[PDB]
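Undergrad: Here's a structure for you.
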Amino acid sequence: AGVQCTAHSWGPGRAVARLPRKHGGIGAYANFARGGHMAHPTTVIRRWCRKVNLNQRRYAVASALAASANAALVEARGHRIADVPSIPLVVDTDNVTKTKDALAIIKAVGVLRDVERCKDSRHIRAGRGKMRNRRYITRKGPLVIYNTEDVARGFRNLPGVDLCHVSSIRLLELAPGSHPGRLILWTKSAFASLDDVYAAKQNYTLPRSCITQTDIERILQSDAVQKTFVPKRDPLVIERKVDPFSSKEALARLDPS
Amino acid sequence: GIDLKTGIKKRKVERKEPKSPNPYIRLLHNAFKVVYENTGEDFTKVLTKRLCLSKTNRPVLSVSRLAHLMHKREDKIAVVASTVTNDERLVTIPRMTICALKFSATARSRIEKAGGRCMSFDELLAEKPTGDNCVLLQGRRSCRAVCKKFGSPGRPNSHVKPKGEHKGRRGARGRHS
Amino acid sequence: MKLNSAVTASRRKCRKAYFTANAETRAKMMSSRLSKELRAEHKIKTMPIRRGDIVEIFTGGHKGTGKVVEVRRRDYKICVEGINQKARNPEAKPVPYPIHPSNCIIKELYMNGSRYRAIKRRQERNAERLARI
Amino acid sequence: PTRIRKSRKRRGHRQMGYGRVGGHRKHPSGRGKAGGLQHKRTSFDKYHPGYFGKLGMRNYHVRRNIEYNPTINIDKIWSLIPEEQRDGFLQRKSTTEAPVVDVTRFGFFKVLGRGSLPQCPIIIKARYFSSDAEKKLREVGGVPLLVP
Amino acid sequence: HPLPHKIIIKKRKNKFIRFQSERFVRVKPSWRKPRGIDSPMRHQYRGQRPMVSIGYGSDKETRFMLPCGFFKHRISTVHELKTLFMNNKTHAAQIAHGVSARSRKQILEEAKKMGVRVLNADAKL
Amino acid sequence: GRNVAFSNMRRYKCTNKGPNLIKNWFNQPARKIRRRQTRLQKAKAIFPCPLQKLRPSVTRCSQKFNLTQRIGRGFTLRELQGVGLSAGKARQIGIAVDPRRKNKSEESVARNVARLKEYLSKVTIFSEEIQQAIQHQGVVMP
RNA sequence: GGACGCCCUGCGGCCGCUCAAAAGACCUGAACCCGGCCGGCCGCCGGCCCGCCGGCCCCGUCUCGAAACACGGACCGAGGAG
RNA sequence: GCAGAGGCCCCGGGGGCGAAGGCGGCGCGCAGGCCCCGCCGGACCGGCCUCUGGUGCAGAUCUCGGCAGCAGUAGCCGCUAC
């Protein structure tokens with residue numbers, strides 16, 4: 001691109017800038033010239049894919065799974081979970097092959113307001129994305145995890161729903177837009193098999209548990225920590241400058257006599 | 001105009017707070033800041049800085065080093081703000097109580113098999129906030145490889161090793177090469 | 001979601017096909033909902049529009065019933081009798097308003113003999129599908 | 001990435017961190033490590049001792065696997081014994097049933113003696129030994145052995 | 001009506017205009033720091049135009065406060081206006097330019113219910 | 001510059017002209033699929049037979065790897081004699097045969113003759129039961 | 001894709017018409033520049049009702065030093081370089 | 001501040017009851033800038049968190065397009081002529 005033409009600098013004495021010019025005298029072969037090359041042409045040698053350590057990929061998938069268990073983190077991510085009876089939500093499904101039957105489970109389990117928020121959020125995107133095979137955006141909502149159940153067909157056409165096997169959970173799904181807290185509907189096979197999947201990681205040991213702010217705040221107000229505290233000396237008194245001779249009280253405060 | 005440049009030496013920079021994304025290290029530092037402010041004790045001031053130190057300035061302390069560094073003070077509790085690793089070379093670990101930011105899986109299993117206790121700064125903050133019966137220990141900062149090539153290899157008093165392969169004689173054979 | 005890699009979801013390729021479709025494809029792209037009465041008799045939901053079919057427009061603009069006398073395949077529109085733009089002067093040749101086949105319901109079909117065969121083929125295939133494969 | 005980079009913060013500053021008096025010009029000091037015994041002598045002598053010249057004899061083809069010598073220290077020979085086996089071995093001590101460690105099967109050819117062996121007899125079999133390793137292993141009551 | 005407040009002292013009344021904006025249309029009036037090797041503006045010689053500095057910064061008590069005495073929160077939906085209602089006596093509402101005259105009537109009625117001032121109430125009318 | 005290790009990177013050659021000396025790996029996730037399909041197609045072509053032939057256990061070369069054994073190319077004629085199979089017969093029963101390889105050690109013949117015996121028990125030469133046979137996947141005897 | 005009527009030697013003009021809209025050879029319709037009408041004596045910064053008073057050299061740039069009788073720059077718009 | 005990507009925007013963000021753009025006017029910010037209002041315009045557009053870059057112009061005898069003042073100016077003088 002931009003280099004397919006034959007252009008040479010006209011020279012140094014023709015009252016023209018020294019940029020390369022075509023036979024007619026037309027600017028060519030430069031970033032500032034119309035039809036010229038990019039100064040630094042973009043190239044496929046860019047590293048498109050980064051690298052992550054398996055222990056670090058598996059830390060995130062586990063931490064995202066844990067974030068799903070919090071019904072405050074789940075509500076912060078946007079998902080509507082008020083009707084949901086309990087988080088984590090496990091549902092004894094069988095083989096659900098009908099969207100009509102899946103909706104009845106989504107309603108009874110209590111995620112309907114969330115699967116409706118997504119349905120009623122389809123819209124044409126802002127930008128040239130609309131022209132680039134990215135025209136419609138729908139809010140993400142529930143994610144069904146399945147093991148040994150045919151729940152794919154019924155829950156797939158439902159909108160804003162995503163489906164994952166317990167054998168290959170996907171971080172991008174667990175934390176949509178780098179936000180942990182996805183409302184996940186779990187089949188009773190998947191939730192029972194989650195401890196088997198973690199065991200099958202050959203030598204993985206789950207990140208050891210750590211405490212939260214609430215535990216630290218409780219410790220700082222604990223009998224031992226509070227008792228050790230010493231009360232500091234009383235603060236210094238400052239007071240803005242006053243000329244003593246202006247006020248007898250100011251003089252009295254400086255020299256009482 | 002005032003002259004506050006003819007005796008003033010410029011201001012230095014420290015790591016007042018941690019640069020770690022890890023939310024746990026930040027929560028421990030905020031808590032120890034509270035204890036130091038609430039009781040102005042050296043153990044809490046030293047530990048608040050150690051948690052704000054960088055990974056390079058916080059070196060690993062193995063259970064072999066910890067045992068030697070605690071031979072006389074066995075009753076006391078160690079408090080490294082760093083990972084405690086294992087020396088497979090010491091084949092009989094003694095019993096000791098160690099508070100560390102992280103313990104290797106082998107160090108935790110060696111210590112508790114031996115009969116000790118692997119604490120954590122949250123347990124330290126409740127049990128011993130001002131570090132009573134606690135010795136804070138540190139690993140050797142100079143141990144790193146990067147730290148051994150710091151200097152000018154090439155000067156007569158360098159005592160430093162050249163960075164790359166070199167494979168040559170002019171300057172390496174002696175003081176007159 | 002489409003699971004056939006060979007079908008294209010590209011706006012450009014889909015719109016290139018629509019505006020460059022062969023006349024056989026263009027004709028089936030120009031189909032209208034058969035009327036509830038005609039649907040029951042022929043047991044098929046939509047038929048491609050043809051000259052001499054009587055259609056009723058449900059769309060609010062230029063809405064009426066009439067016979068298609070002209071199919072403008074190139075602009076994918078049909079001309080219904082009665083659907084005409086206001087003339088500048090009373091004594092002038094009527095100009096038809098072009099209506100999209102989609103905007104109308106087919107009240108009556110020009111039956112012919114090929115259409116009788118075509119509506120039968122479609123209903124035989126629809127029988128195999130309705131027999132749950 | 002590019003947004004967080006410093007170069008983006010230098011827009012509106014003309015030379016962009018390269019100086020008005022002398023700016024960014026192509027290759028001002030030369031291309032590569034060129035000028036080391038001349039204009040850049042101070043750098044090659046200050047930080048790069050030994051860069052210029054030929055040292056010892058040359059092997060036209062090095063046999064990397066014939067010149068390969070993995071080494072183990074007397075300190076790390078009980079690491080090779082697994083934990084469950086190691087604690088009982090130490091307690092029993094014993095001469096008739098004392099652990100035979102063949103460092104070759106763990107991939108080590110010569111035994112050096114950096115640290116201290118635990119005080120219990122152990123037989124160590126290797127391709128070669130160092131005197132201090134042999135003396136520390138013989139003090140513990142152990143026997144150095146050669147392996148086929 | 002807002003809470004009473006302290007007189008809003010604007011240190012400068014006029015906008016900071018780039019140097020030589022008057023001579024050229026290529027130079028638009030936006031502030032660009034003067035960085036010329038021989039710049040009268042950067043040297044701050046007598047008769048040059050002001051230079052943007054943190055000194056002209058307003059009291060942090062009244063910064064961002066509209067002449068009415070309230071701070072401005074842009075509202076684009078009736079749910080968003082319910083945060084302005086959530087215990088706000090120091091804030092006022094600006095409906096966006098996008099909201100239609102059909103939607104403004106609903107937002108004005110909700111604001112009327114919760115006693116929130118709307119800055120552009122007379123819009124689209 | 002200052003204290004740095006001199007780079008041992010060779011300068012890029014033929015960058016804008018000549019042979020394409022840059023390779024790109026965007027075909028990597030597709031290549032896995034193409035070769036998996038090829039192995040599935042070859043496996044379908046011979047359902048009872050395994051994809052790979054029995055190959056010998058050989059000591060990895062050099063002292064660095066002497067105490068470790070790896071799959072080799074073919075069983076020697078001397079090893080085949082131990083199981084009493086001809087070169088042509090062994091090839092028919094999916095056993096790779098290497099005429100060039102010479103045994104080297106008595107211990108090598110013994111390990112390899114044992115291999116063939118374990119395979120001969122496993123092999124089920126067939127001259128609809130074929131459909132119920134289970135095709136072996138991967139290296140035969142690993 | 002421009003009804004009618006009026007005017008004109010004709011061209012064309014006017015009145016409108018078709019349309020949601022002329023959108024009229026074409027969507028939007030910026031700046032530079034220009035014409036009609038209306039206001040003003042006119043550069044920038046400050047104080048005042050506002051035309052006075054006071055201040056103010058042409059930027060960019062290499063340069064010890066540029067308002068330089070150093071060099072580039074009529075104007076505008078888009079493109080234009082870690 | 002720009003242009004995209006992944007999310008959010010309490011019944012599922014704002015839009016022919018008027019999107020972007022354009023023109024004029026307030027307000028807000030030390031400032032880059034932002035916001036609203038009126039008018040034109042006629043289908044799209046964001047705020048925030050995360051991510052990404054061909055990401056900001058007064059200059060380069062800059063490129064390409066428009067185009068001014070000079071200026072109704074220089075000129076419209078071979079070949080005898082109507």
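Chain labels follow the order of the structure tokens: the first chain is A, the next B, and so on; residue numbering restarts at 1 in every chain, and ligands are counted from 1 in their shown order.
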Please report, as a PyMOL selection string, each residue of range 7-129 of chain C to which DSSP assigns strand (DSSP E or B) when run on this structure's backbone.
TA: chain C and resi 31-34+46-48+54-57+65-72+77-80+84+96+99+104-108
Undergrad: Please list as number ranges by chain every residue within 9 Å of range 65-67 of chain H, counting only C-alpha atoms (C1' of nucleotides) and excluding residues in the same chain fewer than 3 positions away.
TA: G: 32-33, 75-78
Undergrad: With distances taken over only C-alpha atoms (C1' of nucleotides), which residue among G:58, G:4, G:34, G:45 lies nearest chain C?
TA: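 Ranked by minimum distance to chain C, first place goes to G:4.
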Undergrad: Find the spatial neighbours of residue 76 in chain F, counting only C-alpha atoms (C1' of nucleotides), within a cut-off of 6 Å - ignore same-chain residues fewer than 6 positions away - and output them as a ChimeraX atom specification.
TA: /F:98-99,101
Undergrad: Based on only C-alpha atoms, which of the residues in chain F come within 10 Å of chain D? I want them as an NGL selection string.
TA: :F and (1-7 or 61-68)
Undergrad: Give me a file of those residues, with N, CA and C atoms, as an mmCIF file, in the first residue's frame.
TA:
data_model
loop_
_atom_site.group_PDB
_atom_site.id
_atom_site.type_symbol
_atom_site.label_atom_id
_atom_site.label_comp_id
_atom_site.auth_asym_id
_atom_site.auth_seq_id
_atom_site.Cartn_x
_atom_site.Cartn_y
_atom_site.Cartn_z
ATOM 1 N N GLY F 1 22.387 2.628 27.436
ATOM 2 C CA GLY F 1 23.382 1.544 27.347
ATOM 3 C C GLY F 1 23.950 1.167 28.700
ATOM 4 N N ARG F 2 25.132 1.676 29.062
ATOM 5 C CA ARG F 2 25.807 1.375 30.356
ATOM 6 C C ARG F 2 26.027 -0.127 30.531
ATOM 7 N N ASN F 3 25.717 -0.675 31.696
ATOM 8 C CA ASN F 3 26.036 -2.104 31.904
ATOM 9 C C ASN F 3 24.891 -2.923 31.309
ATOM 10 N N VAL F 4 25.093 -3.481 30.116
ATOM 11 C CA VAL F 4 24.061 -4.306 29.437
ATOM 12 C C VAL F 4 24.798 -5.510 28.865
ATOM 13 N N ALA F 5 24.089 -6.592 28.567
ATOM 14 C CA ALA F 5 24.745 -7.753 27.940
ATOM 15 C C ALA F 5 24.561 -7.582 26.449
ATOM 16 N N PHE F 6 25.644 -7.680 25.708
ATOM 17 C CA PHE F 6 25.529 -7.398 24.266
ATOM 18 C C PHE F 6 24.560 -8.408 23.668
ATOM 19 N N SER F 7 23.681 -7.925 22.804
ATOM 20 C CA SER F 7 22.653 -8.798 22.199
ATOM 21 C C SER F 7 23.297 -9.809 21.265
ATOM 22 N N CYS F 61 19.790 -42.102 23.852
ATOM 23 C CA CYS F 61 21.251 -42.038 23.591
ATOM 24 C C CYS F 61 21.990 -41.073 24.512
ATOM 25 N N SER F 62 23.320 -41.206 24.596
ATOM 26 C CA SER F 62 24.198 -40.359 25.450
ATOM 27 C C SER F 62 24.073 -40.649 26.946
ATOM 28 N N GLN F 63 25.093 -40.301 27.720
ATOM 29 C CA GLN F 63 25.058 -40.649 29.157
ATOM 30 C C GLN F 63 23.990 -39.799 29.836
ATOM 31 N N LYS F 64 23.737 -38.602 29.313
ATOM 32 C CA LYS F 64 22.727 -37.715 29.937
ATOM 33 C C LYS F 64 21.399 -38.451 30.055
ATOM 34 N N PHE F 65 21.081 -39.333 29.107
ATOM 35 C CA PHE F 65 19.763 -40.016 29.104
ATOM 36 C C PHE F 65 19.873 -41.545 29.120
ATOM 37 N N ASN F 66 21.004 -42.136 29.458
ATOM 38 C CA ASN F 66 21.192 -43.604 29.326
ATOM 39 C C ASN F 66 20.212 -44.422 30.150
ATOM 40 N N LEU F 67 19.855 -43.966 31.347
ATOM 41 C CA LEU F 67 19.008 -44.768 32.273
ATOM 42 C C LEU F 67 17.525 -44.581 31.958
ATOM 43 N N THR F 68 17.198 -44.001 30.805
ATOM 44 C CA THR F 68 15.794 -43.730 30.426
ATOM 45 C C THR F 68 15.555 -44.338 29.045
#
Undergrad: Point out the residue among A:13, A:97, A:43, A:30 with the least atom-to-atom distance to chain F, counting only C-alpha atoms.
TA: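 Ranking A:13, A:97, A:43, A:30 by distance to chain F, first place goes to A:43.
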Undergrad: Go through C:20, C:31, C:89, C:65 one by one, measure the shortest atom-to-atom distance of each to chain G using only C-alpha atoms (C1' of nucleotides), and give the residue with the smallest value.
TA: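 Going through C:20, C:31, C:89, C:65 one by one, the smallest distance to chain G is for C:89.
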Undergrad: Neighbouring residues of residue 30 in chain H were defined as those with any atom within 7 Å, considering only C-alpha atoms (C1' of nucleotides); residues of the same chain fewer than 2 positions away were excluded. Please report them as a PyMOL selection string.
TA: chain E and resi 52-57
Undergrad: Please report, as CSV, each residue of chain G lying at most 8 Å from chain E, together with the nearest pair of atoms and the separation in Å rounded to one decimal; use only C-alpha atoms (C1' of nucleotides), and order rows by chain and ascending residue number.
TA:
residue,atom,partner,partner_atom,distance
G:43,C1',E:22,CA,7.8
G:44,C1',E:22,CA,7.1
G:45,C1',E:49,CA,5.4
G:55,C1',E:47,CA,5.1
G:56,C1',E:47,CA,4.1
G:60,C1',E:36,CA,7.2
G:61,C1',E:37,CA,7.7
G:76,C1',E:26,CA,7.8
Undergrad: Can you write just those residues out, N, CA, C and O atoms (P, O5', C5', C4', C3', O3' and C1' of nucleotides), as a PDB file, in the first residue's frame?
TA:
ATOM      1  P     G G  43      -9.786  47.546  17.371  1.00  0.00           P
ATOM      2  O5'   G G  43      -9.193  46.492  16.307  1.00  0.00           O
ATOM      3  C5'   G G  43      -9.599  45.108  16.408  1.00  0.00           C
ATOM      4  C4'   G G  43      -8.372  44.237  16.511  1.00  0.00           C
ATOM      5  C3'   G G  43      -8.033  43.700  17.903  1.00  0.00           C
ATOM      6  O3'   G G  43      -8.746  42.514  18.218  1.00  0.00           O
ATOM      7  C1'   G G  43      -6.082  44.565  16.876  1.00  0.00           C
ATOM      8  P     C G  44      -9.674  42.472  19.505  1.00  0.00           P
ATOM      9  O5'   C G  44      -8.702  41.934  20.645  1.00  0.00           O
ATOM     10  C5'   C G  44      -8.194  40.592  20.615  1.00  0.00           C
ATOM     11  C4'   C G  44      -6.893  40.516  21.370  1.00  0.00           C
ATOM     12  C3'   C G  44      -6.970  40.863  22.846  1.00  0.00           C
ATOM     13  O3'   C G  44      -7.472  39.821  23.693  1.00  0.00           O
ATOM     14  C1'   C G  44      -5.145  42.000  21.884  1.00  0.00           C
ATOM     15  P     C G  45      -8.718  40.046  24.728  1.00  0.00           P
ATOM     16  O5'   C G  45      -8.023  40.089  26.157  1.00  0.00           O
ATOM     17  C5'   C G  45      -6.770  39.436  26.407  1.00  0.00           C
ATOM     18  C4'   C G  45      -6.005  40.207  27.449  1.00  0.00           C
ATOM     19  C3'   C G  45      -6.855  40.990  28.430  1.00  0.00           C
ATOM     20  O3'   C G  45      -7.390  40.214  29.488  1.00  0.00           O
ATOM     21  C1'   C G  45      -5.087  42.351  27.682  1.00  0.00           C
ATOM     22  P     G G  55       1.288  53.252  28.716  1.00  0.00           P
ATOM     23  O5'   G G  55       1.349  51.651  28.650  1.00  0.00           O
ATOM     24  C5'   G G  55       2.189  50.945  29.587  1.00  0.00           C
ATOM     25  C4'   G G  55       1.788  49.493  29.607  1.00  0.00           C
ATOM     26  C3'   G G  55       2.132  48.678  28.359  1.00  0.00           C
ATOM     27  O3'   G G  55       3.501  48.339  28.206  1.00  0.00           O
ATOM     28  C1'   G G  55      -0.069  48.229  28.957  1.00  0.00           C
ATOM     29  P     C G  56       4.270  48.824  26.909  1.00  0.00           P
ATOM     30  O5'   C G  56       4.116  47.593  25.919  1.00  0.00           O
ATOM     31  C5'   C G  56       4.305  46.259  26.398  1.00  0.00           C
ATOM     32  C4'   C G  56       3.447  45.307  25.610  1.00  0.00           C
ATOM     33  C3'   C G  56       3.667  45.301  24.113  1.00  0.00           C
ATOM     34  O3'   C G  56       4.872  44.662  23.693  1.00  0.00           O
ATOM     35  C1'   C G  56       1.362  45.314  24.536  1.00  0.00           C
ATOM     36  P     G G  60       6.438  31.130  19.401  1.00  0.00           P
ATOM     37  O5'   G G  60       6.925  30.168  18.219  1.00  0.00           O
ATOM     38  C5'   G G  60       6.545  28.782  18.252  1.00  0.00           C
ATOM     39  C4'   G G  60       6.948  28.140  16.952  1.00  0.00           C
ATOM     40  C3'   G G  60       8.431  27.828  16.778  1.00  0.00           C
ATOM     41  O3'   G G  60       8.902  26.759  17.579  1.00  0.00           O
ATOM     42  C1'   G G  60       7.656  28.807  14.831  1.00  0.00           C
ATOM     43  P     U G  61       9.978  27.065  18.685  1.00  0.00           P
ATOM     44  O5'   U G  61      11.295  26.433  18.057  1.00  0.00           O
ATOM     45  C5'   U G  61      11.212  25.585  16.906  1.00  0.00           C
ATOM     46  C4'   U G  61      12.212  26.007  15.864  1.00  0.00           C
ATOM     47  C3'   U G  61      13.621  26.229  16.364  1.00  0.00           C
ATOM     48  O3'   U G  61      14.265  24.975  16.468  1.00  0.00           O
ATOM     49  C1'   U G  61      13.018  27.934  14.833  1.00  0.00           C
ATOM     50  P     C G  76      -5.869  30.546   8.207  1.00  0.00           P
ATOM     51  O5'   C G  76      -6.996  29.477   7.877  1.00  0.00           O
ATOM     52  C5'   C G  76      -8.377  29.830   8.011  1.00  0.00           C
ATOM     53  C4'   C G  76      -9.217  29.027   7.057  1.00  0.00           C
ATOM     54  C3'   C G  76      -9.143  27.525   7.201  1.00  0.00           C
ATOM     55  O3'   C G  76      -9.928  27.028   8.271  1.00  0.00           O
ATOM     56  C1'   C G  76      -9.111  28.088   4.920  1.00  0.00           C
TER      57        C G  76
END
Undergrad: Out of range 66-126 of chain F, which residues get helix (DSSP H, G or I) from DSSP, as a compact mmCIF listing (two decimals) with N, CA, C and O atoms, in the first residue's frame?
TA:
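Dumped everything to states_39.txt:
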# COMPACT_ATOMS: atom_id res chain seq x y z
N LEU F 77 15.87 -58.02 13.76
CA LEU F 77 15.59 -59.40 13.30
C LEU F 77 15.94 -60.38 14.42
O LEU F 77 15.23 -61.38 14.55
N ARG F 78 16.99 -60.12 15.18
CA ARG F 78 17.36 -60.98 16.33
C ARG F 78 16.25 -60.97 17.38
O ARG F 78 15.93 -62.04 17.91
N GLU F 79 15.68 -59.81 17.69
CA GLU F 79 14.55 -59.75 18.66
C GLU F 79 13.35 -60.49 18.10
O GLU F 79 12.69 -61.20 18.88
N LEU F 80 13.08 -60.35 16.80
CA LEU F 80 11.93 -61.04 16.16
C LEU F 80 12.10 -62.55 16.27
O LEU F 80 11.11 -63.22 16.55
N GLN F 81 13.32 -63.05 16.11
CA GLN F 81 13.61 -64.51 16.19
C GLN F 81 13.21 -65.02 17.57
O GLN F 81 12.80 -66.17 17.66
N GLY F 82 13.40 -64.21 18.61
CA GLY F 82 13.05 -64.60 19.99
C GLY F 82 11.58 -64.90 20.13
O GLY F 82 11.24 -65.81 20.89
N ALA F 87 10.23 -61.22 9.40
CA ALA F 87 10.09 -59.76 9.24
C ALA F 87 8.77 -59.47 8.56
O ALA F 87 8.04 -58.60 9.05
N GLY F 88 8.46 -60.20 7.48
CA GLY F 88 7.19 -59.99 6.77
C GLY F 88 5.98 -60.30 7.63
O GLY F 88 5.04 -59.51 7.62
N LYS F 89 6.02 -61.39 8.39
CA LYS F 89 4.89 -61.69 9.29
C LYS F 89 4.76 -60.58 10.32
O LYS F 89 3.66 -60.10 10.51
N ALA F 90 5.86 -60.12 10.90
CA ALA F 90 5.72 -59.13 11.99
C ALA F 90 5.08 -57.86 11.45
O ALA F 90 4.22 -57.30 12.12
N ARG F 91 5.46 -57.45 10.25
CA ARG F 91 4.89 -56.24 9.63
C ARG F 91 3.38 -56.43 9.40
O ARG F 91 2.65 -55.46 9.58
N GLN F 92 2.93 -57.63 9.02
CA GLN F 92 1.49 -57.92 8.82
C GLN F 92 0.72 -57.76 10.12
O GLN F 92 -0.43 -57.32 10.05
N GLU F 106 22.86 -57.69 25.38
CA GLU F 106 21.97 -58.85 25.58
C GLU F 106 20.70 -58.35 26.25
O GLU F 106 19.62 -58.83 25.90
N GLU F 107 20.84 -57.41 27.16
CA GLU F 107 19.69 -56.89 27.93
C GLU F 107 18.66 -56.26 26.99
O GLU F 107 17.47 -56.32 27.30
N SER F 108 19.12 -55.61 25.92
CA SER F 108 18.21 -54.98 24.93
C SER F 108 17.33 -56.03 24.26
O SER F 108 16.12 -55.78 24.15
N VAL F 109 17.90 -57.18 23.87
CA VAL F 109 17.12 -58.23 23.17
C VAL F 109 16.04 -58.70 24.13
O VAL F 109 14.92 -58.81 23.70
N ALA F 110 16.39 -58.89 25.40
CA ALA F 110 15.44 -59.43 26.38
C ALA F 110 14.26 -58.48 26.60
O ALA F 110 13.13 -58.97 26.65
N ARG F 111 14.52 -57.18 26.72
CA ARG F 111 13.44 -56.20 26.94
C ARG F 111 12.54 -56.21 25.72
O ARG F 111 11.32 -56.23 25.87
N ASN F 112 13.15 -56.20 24.54
CA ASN F 112 12.37 -56.14 23.28
C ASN F 112 11.62 -57.45 23.00
O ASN F 112 10.50 -57.35 22.49
N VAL F 113 12.20 -58.61 23.28
CA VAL F 113 11.49 -59.90 23.09
C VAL F 113 10.28 -59.92 24.02
O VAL F 113 9.21 -60.30 23.56
N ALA F 114 10.42 -59.43 25.24
CA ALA F 114 9.27 -59.36 26.15
C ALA F 114 8.17 -58.47 25.56
O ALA F 114 7.00 -58.78 25.76
N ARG F 115 8.55 -57.35 24.94
CA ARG F 115 7.57 -56.45 24.28
C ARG F 115 6.70 -57.24 23.31
O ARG F 115 5.47 -57.16 23.41
N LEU F 116 7.36 -57.93 22.39
CA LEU F 116 6.63 -58.69 21.35
C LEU F 116 5.73 -59.73 22.05
O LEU F 116 4.60 -59.87 21.61
N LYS F 117 6.18 -60.39 23.11
CA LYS F 117 5.30 -61.41 23.71
C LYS F 117 4.02 -60.76 24.24
O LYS F 117 2.94 -61.32 24.00
N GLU F 118 4.13 -59.62 24.91
CA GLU F 118 2.95 -58.93 25.48
C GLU F 118 2.04 -58.48 24.34
O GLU F 118 0.83 -58.63 24.47
N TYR F 119 2.62 -57.99 23.24
CA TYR F 119 1.79 -57.62 22.06
C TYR F 119 1.12 -58.84 21.46
O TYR F 119 -0.05 -58.75 21.12
N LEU F 120 1.83 -59.95 21.33
CA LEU F 120 1.23 -61.11 20.64
C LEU F 120 0.02 -61.58 21.43
O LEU F 120 -0.93 -62.06 20.79
N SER F 121 0.06 -61.51 22.76
CA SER F 121 -1.15 -61.83 23.56
C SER F 121 -2.26 -60.82 23.26
O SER F 121 -3.41 -61.24 23.09
N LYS F 122 -1.92 -59.53 23.20
CA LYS F 122 -2.91 -58.46 22.96
C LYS F 122 -3.51 -58.56 21.55
O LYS F 122 -4.71 -58.33 21.41
Undergrad: I need the contact residues of chain D against chain E, so if you could list those with any atom within 12 Å, counting only C-alpha atoms, and return them as a list in words, that would help.
TA: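 So the residues of chain D near chain E are residues 11, 12, 13, 14, 15, 20 and 21 of chain D.
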Undergrad: Write a file of the just-selected residues containing N, CA, C and O atoms, as a PDB file, in the first residue's frame.
TA:
ATOM      1  N   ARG D  11       3.213  14.764  23.667  1.00  0.00           N
ATOM      2  CA  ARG D  11       2.602  15.498  22.520  1.00  0.00           C
ATOM      3  C   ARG D  11       2.467  16.982  22.854  1.00  0.00           C
ATOM      4  O   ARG D  11       2.002  17.282  23.950  1.00  0.00           O
ATOM      5  N   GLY D  12       2.764  17.866  21.903  1.00  0.00           N
ATOM      6  CA  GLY D  12       2.752  19.316  22.167  1.00  0.00           C
ATOM      7  C   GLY D  12       4.105  19.812  22.629  1.00  0.00           C
ATOM      8  O   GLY D  12       4.207  21.005  22.939  1.00  0.00           O
ATOM      9  N   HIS D  13       5.118  18.944  22.658  1.00  0.00           N
ATOM     10  CA  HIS D  13       6.440  19.326  23.207  1.00  0.00           C
ATOM     11  C   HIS D  13       7.491  19.302  22.106  1.00  0.00           C
ATOM     12  O   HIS D  13       8.669  19.371  22.457  1.00  0.00           O
ATOM     13  N   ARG D  14       7.086  19.138  20.854  1.00  0.00           N
ATOM     14  CA  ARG D  14       8.015  19.237  19.699  1.00  0.00           C
ATOM     15  C   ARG D  14       8.996  18.075  19.643  1.00  0.00           C
ATOM     16  O   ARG D  14       8.621  17.052  19.091  1.00  0.00           O
ATOM     17  N   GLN D  15      10.190  18.222  20.199  1.00  0.00           N
ATOM     18  CA  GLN D  15      11.264  17.215  20.035  1.00  0.00           C
ATOM     19  C   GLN D  15      10.879  15.905  20.698  1.00  0.00           C
ATOM     20  O   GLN D  15      11.467  14.893  20.306  1.00  0.00           O
ATOM     21  N   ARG D  20      16.443  19.971  22.098  1.00  0.00           N
ATOM     22  CA  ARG D  20      16.485  20.956  20.985  1.00  0.00           C
ATOM     23  C   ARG D  20      17.884  21.079  20.379  1.00  0.00           C
ATOM     24  O   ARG D  20      17.983  21.132  19.157  1.00  0.00           O
ATOM     25  N   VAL D  21      18.920  21.147  21.222  1.00  0.00           N
ATOM     26  CA  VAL D  21      20.302  21.418  20.731  1.00  0.00           C
ATOM     27  C   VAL D  21      20.739  20.283  19.813  1.00  0.00           C
ATOM     28  O   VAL D  21      21.167  20.562  18.686  1.00  0.00           O
TER      29      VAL D  21
END
Undergrad: Pick out the residues sitting within 6 Å of range 122-138 of chain A, and hand them over as a list in words; count only C-alpha atoms (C1' of nucleotides), and ignore anything fewer than 2 positions along from it in its own chain.
TA: residues 118 and 120 of chain A; 10 of chain C; 45 of chain H
